[PDB]
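Heads up, the thing below is written out as structure tokens.
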Amino acid sequence: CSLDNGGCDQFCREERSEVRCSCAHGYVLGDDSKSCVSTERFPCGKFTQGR
Amino acid sequence: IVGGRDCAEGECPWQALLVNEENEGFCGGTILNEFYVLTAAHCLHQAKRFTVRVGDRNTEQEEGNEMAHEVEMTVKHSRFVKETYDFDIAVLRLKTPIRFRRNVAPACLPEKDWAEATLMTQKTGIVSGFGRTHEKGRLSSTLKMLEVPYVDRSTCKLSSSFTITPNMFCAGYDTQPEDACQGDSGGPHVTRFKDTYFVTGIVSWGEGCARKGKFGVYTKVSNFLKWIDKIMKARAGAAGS
Amino acid sequence: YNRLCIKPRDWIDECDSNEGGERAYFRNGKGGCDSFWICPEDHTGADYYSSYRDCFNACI
């Protein structure tokens with residue numbers, strides 16, 4: 001993990017050698033293993049309006 | 001909050017003013033989800049009704065946007081040592097869920113290791129509330145945000161008269177004029193990591209406000225994670241702790 | 001927040017400045033502040049409220 005946290009949009013773990021990124025509640029990771037897509041409409045740790 | 005700007009629209013949507021038996025606020029919380037507000041367990045001692053107004057930004061102007069909820073259940077971590085302010089936490093359930101909207105969205109809870117390593121090694125955190133705008137001076141009828149730097153444990157130990165316990169971290173300014181304050185207890189400490197903000201603390205306590213040589217002390221939520229979540233499904237009795 | 005406003009039970013302190021009690025005004029039972037003569041042994045050493053004015057405006 002550590003340098004640029006791990007290529008992932010939020011969480012990261014060291015799984016034997018590799019970094020196993022995950023996401024917070026209601027974010028689904030991307031087919032990368034890195035991004036966490038917003039599942040809700042107003043989700044956790046986001047603030048503002050539209051666009 | 002002594003110092004630091006008012007919060008604009010958008011800004012602090014994971015706040016909660018725990019209001020009382022008539023219409024004054026006395027402590028703060030974080031929206032964790034649409035049924036539970038997070039707060040400091042010492043707050044539950046200055047109230048009778050703790051009517052949760054979620055949506056309120058600038059008190060005075062008590063016009064439509066806000067919404068008071070009442071509570072269905074409060075839980076204080078059993079180990080909360082009362083004039084110790086240790087394990088100073090409560091998640092409380094509400095009867096009426098939160099339809100998030102403008103100025104209402106939840107704040108994310110981290111997971112313990114990424115939290116110490118990545119998040120709490122960041123320079124600053126954001127704390128908010130309507131509490132006192134100076135120590136010997138009264139309450140902001142405005143939700144204010146203060147960006148505040150994490151201090152080092154070793155340093156803020158010396159600085160206190162009271163015991164900083166494993167469960168605590170301080171943050172703020174020493175000489176600079178800005179701190180958390182009276183009636184901000186419970187209100188959120190969030191850390192953004194690249195546009196997700198996470199909850200790193202609860203506002204716990206202080207010796208006065210914006211004090212000299214003195215930093216503000218918060219409840220380290222990393223250390224509190226599984227507790228929150230246990231309670232997250234079985235509310236009621238405090239359990240194990 | 002302000003931990004200077006309390007120590008909430010009554011500690012035991014009939015300690016004169018002869019004994020080394022500090023006078024402090026902790027808030028009393030709603031309305032306003034008290035006056036207590038904080039015994040040496042019990043003294044945490046916190047910068048407590050010297051007075052009624054600046055203790056009431058501070059803690060009430």
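Following the order of the structure tokens, chains are lettered A, B, ..., residues in each are numbered from 1, and ligands are numbered from 1.
Shell of residue 14 of chain B at 9 Å, with only C-alpha atoms counted and residues fewer than 6 places along the chain excluded, is residues 44, 45 and 47 of chain A; 29, 30, 31, 32, 54, 55, 103, 104, 105, 106, 107 and 188 of chain B.
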Output the selection as a short mmCIF file (atom, residue, chain, number, x, y, z; two decimals), in the first residue's frame - C-alpha atoms for each residue.
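File out_27.cif, as written:
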```
data_model
loop_
_atom_site.label_atom_id
_atom_site.label_comp_id
_atom_site.auth_asym_id
_atom_site.auth_seq_id
_atom_site.Cartn_x
_atom_site.Cartn_y
_atom_site.Cartn_z
CA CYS A 44 -20.91 8.84 2.88
CA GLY A 45 -18.27 11.45 2.90
CA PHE A 47 -20.95 16.99 0.41
CA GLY B 29 -23.51 14.28 16.65
CA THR B 30 -22.65 12.83 13.28
CA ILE B 31 -25.30 11.23 10.99
CA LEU B 32 -23.92 7.75 10.66
CA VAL B 54 -30.94 17.04 11.29
CA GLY B 55 -30.74 19.68 8.55
CA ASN B 103 -27.30 19.31 3.84
CA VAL B 104 -27.95 15.68 4.96
CA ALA B 105 -25.66 12.73 3.76
CA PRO B 106 -23.88 10.13 6.02
CA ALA B 107 -20.23 10.19 7.08
CA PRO B 188 -17.95 15.21 13.90
#
```
Shell of 10 Å around residue 25 of chain C, only C-alpha atoms, local chain residues under 3 positions omitted, as a PyMOL selection string: chain C and resi 4-6+22+28+32-38+48-56+59
Pick from B:189, B:235, B:211, B:220, whichever lies nearest to chain A using only C-alpha atoms: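 Residue with the minimum atom-to-atom distance to chain A: B:189.
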Taking the DSSP secondary structure from the backbone, can you list the residues of chain C that are strand (DSSP E), as a PyMOL selection string? chain C and resi 22-24+36-38
I'd like a table as a Markdown table: residues in chain B with an atom no more than 8 Å from chain C, each row giving the shortest atom pair and its distance in Å to one decimal, only C-alpha atoms counted, sorted by chain and rising residue number.
```
| residue | atom | partner | partner_atom | distance |
| --- | --- | --- | --- | --- |
| B:83 | CA | C:7 | CA | 6.9 |
| B:135 | CA | C:58 | CA | 5.7 |
| B:136 | CA | C:58 | CA | 3.8 |
| B:137 | CA | C:57 | CA | 6.5 |
| B:161 | CA | C:46 | CA | 5.5 |
| B:162 | CA | C:44 | CA | 7.0 |
| B:181 | CA | C:1 | CA | 5.9 |
| B:182 | CA | C:1 | CA | 4.8 |
| B:183 | CA | C:1 | CA | 6.6 |
| B:184 | CA | C:1 | CA | 7.1 |
| B:185 | CA | C:1 | CA | 5.7 |
| B:204 | CA | C:1 | CA | 6.6 |
| B:205 | CA | C:1 | CA | 4.3 |
| B:206 | CA | C:2 | CA | 5.0 |
| B:207 | CA | C:3 | CA | 5.2 |
| B:208 | CA | C:2 | CA | 4.8 |
| B:209 | CA | C:2 | CA | 6.8 |
```
Determine, using only C-alpha atoms, which residues of chain A have any atom at most 8 Å from an atom of chain B, and tabulate each with its shortest atom pair and distance in Å to one decimal place, rows ordered by chain and then rising number, as JSON lines.
```
{"residue": "A:2", "atom": "CA", "partner": "B:118", "partner_atom": "CA", "distance": 7.9}
{"residue": "A:5", "atom": "CA", "partner": "B:118", "partner_atom": "CA", "distance": 7.5}
{"residue": "A:9", "atom": "CA", "partner": "B:194", "partner_atom": "CA", "distance": 7.5}
{"residue": "A:10", "atom": "CA", "partner": "B:193", "partner_atom": "CA", "distance": 7.1}
{"residue": "A:11", "atom": "CA", "partner": "B:114", "partner_atom": "CA", "distance": 6.1}
{"residue": "A:12", "atom": "CA", "partner": "B:114", "partner_atom": "CA", "distance": 6.2}
{"residue": "A:13", "atom": "CA", "partner": "B:114", "partner_atom": "CA", "distance": 7.4}
{"residue": "A:24", "atom": "CA", "partner": "B:108", "partner_atom": "CA", "distance": 6.7}
{"residue": "A:25", "atom": "CA", "partner": "B:108", "partner_atom": "CA", "distance": 7.3}
{"residue": "A:42", "atom": "CA", "partner": "B:105", "partner_atom": "CA", "distance": 5.4}
{"residue": "A:43", "atom": "CA", "partner": "B:105", "partner_atom": "CA", "distance": 5.9}
{"residue": "A:44", "atom": "CA", "partner": "B:107", "partner_atom": "CA", "distance": 4.5}
{"residue": "A:45", "atom": "CA", "partner": "B:197", "partner_atom": "CA", "distance": 4.1}
{"residue": "A:46", "atom": "CA", "partner": "B:196", "partner_atom": "CA", "distance": 5.7}
{"residue": "A:47", "atom": "CA", "partner": "B:10", "partner_atom": "CA", "distance": 4.9}
{"residue": "A:48", "atom": "CA", "partner": "B:10", "partner_atom": "CA", "distance": 4.0}
{"residue": "A:49", "atom": "CA", "partner": "B:10", "partner_atom": "CA", "distance": 6.5}
```
Let's have the selection written as a tab-separated table (two decimals), in the first residue's frame, with N, CA and C atoms.
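Final file, again_35.tsv:
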```
chain	number	residue	atom	x	y	z
A	2	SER	N	0.80	2.14	0.87
A	2	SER	CA	1.79	3.17	1.21
A	2	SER	C	2.03	4.19	0.11
A	5	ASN	N	-1.13	5.49	-1.74
A	5	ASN	CA	-1.96	4.64	-0.92
A	5	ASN	C	-2.10	3.24	-1.53
A	9	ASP	N	-9.22	4.02	-4.64
A	9	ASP	CA	-9.90	5.18	-4.17
A	9	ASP	C	-10.12	5.41	-2.68
A	10	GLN	N	-9.91	4.39	-1.84
A	10	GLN	CA	-9.95	4.57	-0.40
A	10	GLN	C	-9.20	3.47	0.39
A	11	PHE	N	-9.78	2.35	0.85
A	11	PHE	CA	-9.12	1.42	1.74
A	11	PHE	C	-7.93	0.66	1.20
A	12	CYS	N	-6.98	0.14	1.98
A	12	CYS	CA	-5.92	-0.72	1.44
A	12	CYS	C	-5.27	-1.62	2.52
A	13	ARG	N	-4.89	-2.83	2.09
A	13	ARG	CA	-4.38	-3.88	2.96
A	13	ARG	C	-3.23	-4.52	2.20
A	24	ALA	N	-15.78	1.69	1.18
A	24	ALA	CA	-16.61	1.89	2.36
A	24	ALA	C	-18.05	1.50	2.07
A	25	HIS	N	-18.93	1.57	3.06
A	25	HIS	CA	-20.26	1.09	2.82
A	25	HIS	C	-20.98	1.80	1.71
A	42	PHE	N	-26.93	10.21	-2.29
A	42	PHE	CA	-26.19	11.05	-1.34
A	42	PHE	C	-25.44	10.02	-0.49
A	43	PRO	N	-24.17	9.74	-0.74
A	43	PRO	CA	-23.37	8.74	-0.01
A	43	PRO	C	-22.43	9.29	1.09
A	44	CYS	N	-21.71	8.39	1.77
A	44	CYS	CA	-20.91	8.84	2.88
A	44	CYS	C	-19.63	9.52	2.45
A	45	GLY	N	-19.48	10.67	3.08
A	45	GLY	CA	-18.27	11.45	2.90
A	45	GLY	C	-18.16	12.09	1.53
A	46	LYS	N	-19.21	12.81	1.23
A	46	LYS	CA	-19.42	13.56	0.02
A	46	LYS	C	-20.26	14.73	0.52
A	47	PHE	N	-20.16	15.90	-0.10
A	47	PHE	CA	-20.95	16.99	0.41
A	47	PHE	C	-21.91	17.77	-0.49
A	48	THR	N	-21.37	18.27	-1.60
A	48	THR	CA	-22.07	19.23	-2.46
A	48	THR	C	-23.18	18.83	-3.46
A	49	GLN	N	-23.56	19.80	-4.30
A	49	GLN	CA	-24.59	19.68	-5.32
A	49	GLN	C	-23.92	19.21	-6.60
```
So that I can check the surroundings of residue 8 of chain A, please list as a PyMOL selection string every protein, DNA and RNA residue that reaches within 7 Å of it, counting only C-alpha atoms and ignoring chain neighbours fewer than 6 positions away. chain A and resi 21+34-35
Quick one: pick out all helix (DSSP H, G or I) residues within segment 48-239 of chain B from a backbone DSSP run and write them as a VMD selection string. chain B and resid 112 to 119 153 to 158 221 to 231
I'd like the contact shell of residue 39 of chain A - 10 Å cut-off, only C-alpha atoms, skipping same-chain residues fewer than 6 positions apart - returned as a PDB file with N, CA and C atoms, in the first residue's frame.
```pdb
ATOM      1  N   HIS A  25     -18.927   1.571   3.057  1.00  0.00           N
ATOM      2  CA  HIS A  25     -20.260   1.085   2.818  1.00  0.00           C
ATOM      3  C   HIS A  25     -20.976   1.804   1.709  1.00  0.00           C
ATOM      4  N   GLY A  26     -21.296   0.900   0.786  1.00  0.00           N
ATOM      5  CA  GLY A  26     -22.170   1.181  -0.349  1.00  0.00           C
ATOM      6  C   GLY A  26     -21.453   1.702  -1.571  1.00  0.00           C
ATOM      7  N   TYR A  27     -20.221   1.246  -1.693  1.00  0.00           N
ATOM      8  CA  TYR A  27     -19.392   1.617  -2.803  1.00  0.00           C
ATOM      9  C   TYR A  27     -19.063   0.241  -3.359  1.00  0.00           C
ATOM     10  N   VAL A  28     -19.176   0.028  -4.666  1.00  0.00           N
ATOM     11  CA  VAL A  28     -18.798  -1.264  -5.220  1.00  0.00           C
ATOM     12  C   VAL A  28     -17.442  -1.050  -5.902  1.00  0.00           C
TER      13      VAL A  28
END
```
One decimal, in Å: what's the spacing between atom CA of residue 30 of chain A and atom CA of residue 229 of chain B?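 According to the coordinates, atom CA of residue 30 of chain A and atom CA of residue 229 of chain B are separated by 25.4 Å.
Our summary of the geometry notes that atom CA of residue 147 of chain B is positioned 10.1 Å from atom CA of residue 180 of chain B.
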